[PDB]
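To start, the structure itself, in structure tokens.
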Amino acid sequence: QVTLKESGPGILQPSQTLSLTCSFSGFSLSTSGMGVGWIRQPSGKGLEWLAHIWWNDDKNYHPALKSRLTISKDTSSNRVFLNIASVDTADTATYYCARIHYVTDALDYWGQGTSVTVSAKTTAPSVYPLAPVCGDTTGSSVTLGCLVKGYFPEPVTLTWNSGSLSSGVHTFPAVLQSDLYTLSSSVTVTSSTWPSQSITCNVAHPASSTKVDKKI
Amino acid sequence: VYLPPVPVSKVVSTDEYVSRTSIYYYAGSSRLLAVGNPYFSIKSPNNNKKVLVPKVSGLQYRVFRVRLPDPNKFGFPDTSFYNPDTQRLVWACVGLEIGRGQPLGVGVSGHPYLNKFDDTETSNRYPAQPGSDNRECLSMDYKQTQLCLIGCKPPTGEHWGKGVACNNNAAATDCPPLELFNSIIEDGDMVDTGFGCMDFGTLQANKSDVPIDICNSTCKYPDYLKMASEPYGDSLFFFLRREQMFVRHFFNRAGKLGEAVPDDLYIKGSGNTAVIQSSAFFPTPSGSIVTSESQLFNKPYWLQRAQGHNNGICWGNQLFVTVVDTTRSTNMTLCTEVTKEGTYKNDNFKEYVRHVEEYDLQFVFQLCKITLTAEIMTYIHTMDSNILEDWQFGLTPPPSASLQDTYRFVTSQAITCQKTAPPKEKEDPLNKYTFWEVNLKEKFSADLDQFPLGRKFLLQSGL
Amino acid sequence: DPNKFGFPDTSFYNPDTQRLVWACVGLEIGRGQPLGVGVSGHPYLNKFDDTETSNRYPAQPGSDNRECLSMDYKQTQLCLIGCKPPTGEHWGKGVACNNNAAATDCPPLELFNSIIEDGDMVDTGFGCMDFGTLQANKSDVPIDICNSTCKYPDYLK
Amino acid sequence: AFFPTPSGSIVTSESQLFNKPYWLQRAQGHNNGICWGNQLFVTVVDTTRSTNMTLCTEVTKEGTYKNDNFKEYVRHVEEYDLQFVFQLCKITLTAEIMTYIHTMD
Amino acid sequence: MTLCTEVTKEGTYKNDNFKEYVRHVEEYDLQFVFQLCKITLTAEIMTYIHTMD
Amino acid sequence: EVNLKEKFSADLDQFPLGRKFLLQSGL
Amino acid sequence: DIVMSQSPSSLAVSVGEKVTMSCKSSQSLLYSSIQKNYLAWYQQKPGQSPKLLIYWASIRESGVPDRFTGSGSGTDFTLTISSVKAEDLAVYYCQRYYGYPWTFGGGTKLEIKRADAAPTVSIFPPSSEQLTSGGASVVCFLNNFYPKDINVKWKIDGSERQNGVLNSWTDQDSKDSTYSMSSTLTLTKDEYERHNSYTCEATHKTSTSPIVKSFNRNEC
């Protein structure tokens, strides 16, 4: 009945304008009983309320900011738009737009959770295949590695060999130093697949459209 | 276990210390003149501060503020009934007579751009009528009212108006919150006519919902409950009221209705019935018959027990008579020509509208003396201080000294500045306001039967 | 309470075996405002035609003929004082007894009686009954009373 | 199927029922002013002070009258005041009266 | 008193979807006080009541 | 709900009702 | 604002167990006329957005079963679950909507209880293609462990260096139900060519004694 989806610019620069658009189907906002908010969350932190606008054209904002955050709806197209000016480094988060009640006084069903990450400029991923130590004949468990350091933006889907011997994966999240992102990958096998059987790194990076595959 | 909480010093009735004598006196004004425009003032174009023709109509309050000569400045031939070293003299009211000599007949007003949408009595079909501006010319009678107030303090009013909002909230609609106030009733300001006791100047942007006389004013209304509950009671001696109204027609507003009436109460229609009209309705008072025996004037008013604690004694040698009439509020028309010719044309004449109003003040007083003693002088001093001053017999150190030194400086303001506060008594608190003043300092007499009231006063008193 | 009170003198009654209780003797209902009446209406009122002087007619068609009307009500003053909160009455729907070939779907009327609480209205000359469940059109009265019930005292009860 | 519309009459100010005190000397029931439970129940009905306000603000200001520029609101306000005067009563608690008050409450 | 019933549930209002009824209700109470009376009976009183009724 | 729990008084002549009441009381 | 504080950050529960999850505030959530506690709750399933559970602290959302129950009044509050199942693995959030502006709690992470496990240790040098760029990152993969509380240090010739230590955890595995993370010692090649030994050790709740895997730089 109620369907919900958002749409945003995705990639922004510092001191620019943020136009996050929210879209609904199933109701009308001028109806006495429908009401919508806007909630952010980072990847690591918790949740916090930002803005919420009601039927009769009055606005509340988060009083910590209180200046840039200007919420506005378009009841004719049945949509809400979020307008932040001068986006800074603290706004790196994932925003969630949804509908509220007041008999429950909380947020009923939420949407896709659009991701807005702001930094300087995109950088090309430098994929590095981690090779095993020369060392003693250990033979414990040959785990491999292939390190994707220094890229922008998100996301990159790391993949391994297609339809071969599969016994698990260890897909790592992204660490946040200076604007070039940092991420890694691992697959552990019981020291049989290497160097005998094939292994490869497939990297997509769908923004810069480059692709290089590599073996250890 | 509990306790009788707190002993508080009470006020007492004024018949405890005020002593009356057998000396009476008369006063009487002349005929008062008043004339002007029934709708608006005439302002001078060059200097826009002095008036040319003032605005006066039936529905403005006529507050009166008489003056009384101080009885202590009377050389009496036989000064044996009192001692001026121990006593003082002050006046008290016993009578009241207000005269009006205009013929009866109600006045009317209107507004040329009134926000009428449609008549809502027997026929308002569908769909809506086209237009962006549908103001019309309408004229409208008023409700009738009669009242009278007397007292020592000027009367305190109350009215609605725009006040403070609340905190920044997105759940409270854009609607101006309504707040009560307390005001002192001026002259010229208006009475309610079935449209609420609110200011229309700061609450109605369109200026098209009342007739033209009351768009930018505050139609105040007299309080009884707050005024009756004053402990000293020096504001309301004695009062009457009488009013009536009833409906004549029915009308609706026009524009974007600020709240949608909820869907839970009605089934919506289609075809020619898709849109919704307004819900903002308002009546029109018209008024009814006015008899000669529904009058409240040209009648004597003997007083022997006021509802408050003051039994007619008037400190400060001033009274406060306020009166509202509408029964003689009729409006004459004037027609002067430009050219004289033998054929009627609609641009040879000019029209002006005027209104006349007159009054009559008629009083009788009684002399009273106060034997001032040590247990009594403290009792007036907590009530007031000005009456103790202008009698010219003493002054007061307001504390018996203070308890804190409060650390007075001496080197005259060069390091840490504070509130210097240059004082002034301002010689009255009433000087900011404006009343129809009438002097009486050369209008006393002691022989009664040469005036209509004392002839009637001698019969009811049995003397 | 007249037994948890700080009296100035408790040497008149004996608190070992007696009781104190308040009594009402003096009452005044103060009321301060101007004297303007008010109008209410309903924007889709079930009016068909005018029937006071002129209905020269053939038949008249139409799907909906609802109009915007408003009118006042009766002036009515009453006040009453009680130990129990007051009880009133209203007409309403009830049982139907489901028998004997009811070819007419008029619901039977039943006399209910309950307690008056505030926010509820007096009669406006349109019958002391629950308009919400007994009407369906929601278009015969003004909007003020349409979803509610009106009450009235029952002096002889 | 006909139905009439009501119409009010000339409301005066001397045909009111308020601002005039009462002295209950003898009621029609049996409890002459006795207030069990330390509570009263008064209920008043008046529709002679039922006047209706007319609030209308602006969204924009012009030098031309245009109906879209104003939004209309209605409000309504009433004032009430209560005043009471009470007396004190004593009860001689004997044996059988305990049964008499118990079946009452 | 006026009543209306319905035949169908829809979104909008149609004229033939509502069946109507008119009503009027009335109510009384009687209360009576009496006073007992007897009749002493002579001969001519028996004649007087007999010709009365 | 109005509350009159702490608004009592034993002094009659400081209020408009009791002033009329003492006149009717004959005391 | 009126702050929200929740405890603990995570709690391990078995199947069939009752969990009590407590959230507190600094000001009382009751109004003098409303008389309903101004509290609601959330459920953030992994890969899914938070959904609504129970409102006014005692009235449940339509669709939530009877096993979920809210309690608490005044300032202390606890979410009480009768018997937890497979579907309730999530992150829960506290919400006060009493005083404007509204804020959230610290949150709690619910996990289904499985076996305690010490991780499997490994070490890898900086890759020589990264060394041609002039960088040197020694990575350590501590995988397949439970619980999440684990102390990680780095030893460069026995000396502990806290600079250049950035750790990121994964989610739980769906079948093996254990945790995973990595430790990449981010440094410069100019500091790499000086020292010799590079050691990754850890301190876990299952094994207090450190696990070790080392590599001397110059050797091969």
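Cβ coordinates were reconstructed from backbone atoms using ideal geometry, including for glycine residues, and neighbour counts include every protein chain displayed. Every read-out reported here was derived from the displayed coordinates using simple, explicitly stated rules and does not represent laboratory data.
Here are the numbers for the structure shown:
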{"read-out": "Volume per residue of the C-alpha convex hull in region B:275-320, rounded to whole Å³", "value": "227"}
{"read-out": "Where labels lie 7 Å past Cα in the beta-carbon direction, separation of B:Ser44 and B:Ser229 in nm", "value": "4.7"}
{"read-out": "Efficiency of FRET from Cβ geometry, D:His30 and B:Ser270, R₀ 60 Å, rounded to 0.05", "value": "0.45"}
{"read-out": "Cα→Cβ-extended label distance, 7 Å offset, between E:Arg23 and B:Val51, nm", "value": "6.3"}
{"read-out": "Vicinal HN-Hα couplings computed from phi for region A:177-189 (Karplus, 6.51 cos²θ - 1.76 cosθ + 1.60; Hz; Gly/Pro x)", "value": "9, 3, 2, 5, 6, 9, 7, 9, 7, 8, 9, 9, 10"}
{"read-out": "Set of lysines near C:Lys84 by C-alpha distance (under 16 Å), chain-local residues within fewer than 8 positions excluded", "value": "C:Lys157"}
{"read-out": "For G:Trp41, residues with placed amide H under 5 Å, excluding near neighbours", "value": "G:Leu53, G:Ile54"}
{"read-out": "Exposure proxy order (Cβ contacts within 10 Å, fewest to most) of B:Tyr26, G:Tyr31", "value": "G:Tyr31, B:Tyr26"}
{"read-out": "Placed amide H near E:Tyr21: partners under 5 Å, 5+ positions off or other chain", "value": "E:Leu3, E:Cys4, E:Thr5"}
{"read-out": "When chain A is reduced to its Cα atoms, the Kirkwood hydrodynamic radius in Å", "value": "20.5"}
{"read-out": "Estimated vicinal HN-Hα couplings, Hz - region B:296-313 in sequence order (Karplus 6.51, -1.76, 1.60; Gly, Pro = x)", "value": "10, 9, 6, 9, x, 9, 7, 10, 9, 8, 7, 5, x, 7, 7, 8, x, 5"}
{"read-out": "Long-range amide H partners of A:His101 with built H, under 5 Å", "value": "A:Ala106, A:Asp108"}
{"read-out": "Principal axis dimensions, largest first and in whole angstrom, of chain B by Cα", "value": "92, 72, 59"}
{"read-out": "³J(HN,Hα) computed for each position of region G:148-164 - Karplus, 6.51 cos²θ - 1.76 cosθ + 1.60, integer Hz, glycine/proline x", "value": "8, 7, 7, 9, 10, 10, 10, 10, 9, 6, x, 8, 7, 10, 8, 6, x"}
{"read-out": "Principal axis box of region B:169-324, alpha-carbon based, largest edge first, Å", "value": "73, 46, 30"}
{"read-out": "Cα convex hull volume per residue for region G:56-98 (Å³)", "value": "93"}
{"read-out": "Within a Gaussian network of chain A (alpha carbon springs, distance under 10 Å), most fluctuating of A:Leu20, A:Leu176, A:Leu12", "value": "A:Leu176"}
{"read-out": "Inter-label distance, nm, simple model (7 Å from Cα along the C-beta direction), G:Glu160/C:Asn98", "value": "8.2"}
{"read-out": "Low-density loop cleavage sites - GluC sites (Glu not before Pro) in region G:19-121, where at most 11 other Cβ are within 10 Å (DSSP)", "value": "G:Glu87"}
{"read-out": "Helix-only CD estimate at 222 nm, as mean residue ellipticity for the protein assembly as shown, using -39500 (n - 2.57) per DSSP H run (n ≥ 4)", "value": "-1500 deg cm²/dmol"}
{"read-out": "For chain D, built as a Gaussian network whose Cα springs stay under 10 Å, the top-fluctuating residue of D:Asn67, D:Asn52, D:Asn32", "value": "D:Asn67"}
{"read-out": "Degrees, to the nearest 10: B:452-461 long Cα axis against longest axis of chain B", "value": "60"}
{"read-out": "B:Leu334-B:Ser217 FRET efficiency (beta carbon distance; Förster radius 35 Å; 0.05 resolution)", "value": "0.90"}
{"read-out": "Gyration tensor (Cα) of region G:12-143, equivalent ellipsoid semi-axes in angstrom", "value": "42, 20, 13"}
{"read-out": "From the C-alpha gyration tensor of chain G, square roots of 5λ in Å", "value": "46, 20, 14"}
{"read-out": "Sequence of D:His102, B:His381 once ranked by neighbouring C-beta atoms within 10 Å, starting from the fewest", "value": "D:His102, B:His381"}
{"read-out": "Computed over chain E, Kirkwood Rh from alpha-carbon pairs, angstrom", "value": "18.2"}
{"read-out": "Per principal axis, descending, Cα span of the protein assembly as shown in whole Å", "value": "141, 113, 104"}
{"read-out": "Length gained when the stretch B:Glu293-B:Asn72 is fully extended (0.36 nm per residue, less Cα-Cα span)", "value": "75.3 nm"}
{"read-out": "Gaussian network model of chain A, Cα within-10 Å springs - most flexible of A:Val87, A:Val175, A:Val103", "value": "A:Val103"}
{"read-out": "Per-q log10 I(q)/I(0), region B:257-406, q = 0.17 Å⁻¹ (Debye; single scatterer per alpha-carbon; no solvent)", "value": "-1.20"}
{"read-out": "Cα long-axis angle, helix D:95-104 against chain D (0 to 90 degrees, to the nearest 10)", "value": "30"}
{"read-out": "Semi-axis lengths, Å, region G:91-178, gyration tensor of Cα atoms, sqrt of 5 times eigenvalues", "value": "36, 21, 13"}
{"read-out": "FRET efficiency, B:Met377 to D:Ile91 (Cβ-Cβ, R0 41 Å, nearest 0.05)", "value": "0.25"}
{"read-out": "Rg to Rh quotient for region B:195-271, alpha carbon positions, Kirkwood Rh", "value": "1.15"}
{"read-out": "Neighbour-count ranking [beta-carbon atoms within 10 angstrom, fewest first] of A:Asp105, C:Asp118", "value": "C:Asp118, A:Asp105"}
